């Protein structure tokens, strides 16, 4: 009882109700974001981060709506509870989002100890406990273009030496619209990104 249970139950709820969440996420996201079911999760989020995280995630979700062929079920499920605060817009980038449990990090890209989706089995494991199983979705984007990781950017694929040494996530704000660059996105992973034109 406490944080860990709120975390696990929140994601359990999303998975249980995925079909209606998916509909609302696409047709009326504001009302999805305003559901009472996300309030307990929001209390886990550091008070001073809630607005920042919401602005960030809401923009990442609109990028996914705006950039055809980049639908990512697991990414939507992972980031959704963070959209539930009144958004505070900024130019900050986040590689992880913190929930306070016992100060734990949910990685924005890929799996983490806290949030682990097992593709082979379709099971989501949160804090080592079962949150439920997904089903294969035909709407899933297969281009390897990731639209909901960086605010204002698309991840294109592997590092490409034509575009020079890798930048940190804090160093992307000088890039021109349409410009490409390599980025230390996390771990030791370097990826080619593009700054969006709109």
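Numbering follows the first chain given and starts at 1.
Coordinates are absent for 1 to 3 residues of the deposited sequence placed between residue 102 and residue 103. Averaged over CA atoms, B-factors in the entry run higher in 186 to 194 than in the other of 17 to 25 and 186 to 194. Of the two stretches examined, 154 to 162 and 132 to 140, the record assigns the greater average C-alpha temperature factor to 132 to 140. Within the listed group 149, 64, 49, 172, the record reports its top CA B-factor for 172.
When all modelled residues of the chain are sorted by CA temperature factor, residue 145 is found within the highest third. In the PDB entry, residue 59 places in the lowest third of its chain by CA B-factor.
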